[PDB]
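Below you will find one chain, with nothing else, as structure tokens; this is the form deposited in one PDB entry, and questions on how it binds or moves follow later.
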């Protein structure tokens, strides 16, 4: 379904700032953006809400919906399942809002194979040391999950240098600066949606 404005795919390693930046964008520009609410089998973190951050489901329920053809894409990431349901994107497109998706690098490649034609943005830390610091400060994951996330970060940061893969790469050193660069990448779309 190609409906409405060009969607936005935001990716980057675990801990890079994706959710922090997207929450800011949806607060400032609530009238023109809508968030695709993915399914995940991971457990919710304090403050996360079902139907807002994710649909938190069991492996059994997610497998039922996968088998029925309910997903545009799905991926295994650091021991859990994640995916973008068809209805998650339809809900935002039906409101004629810019659909924002937060997905991993596998999801980026999955979406490249669809008809969605998004802009692809990668948010990256200044270094893997800083990434680990931010992840361990958050400490919402077990040690095993952190190890998996740090390994995925190193692999996916190298893979994201692929030419033509990402339209924009933003280094999240300072959040205020990264957020301005996020809006810069979307500035013409934001202006059109306001008109």
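Residue numbers count along the first chain shown, from 1.
Separately, the form deposited in another entry exists; it is not shown, and the next lines address it.
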{"property": "Rigid-body rotation between the shown form and the other one - hinge position, chosen from 157, 166, 97, 118", "result": "97"}
{"property": "CA-CA separation of residue 190 and residue 90, closer or farther in that other deposited form than in the form shown [shift of 3 angstroms or more]", "result": "closer"}
{"property": "Cα distance between residue 119 and residue 90, which in that other deposited form differs by 3 Å or more from this form, closer or farther", "result": "closer"}
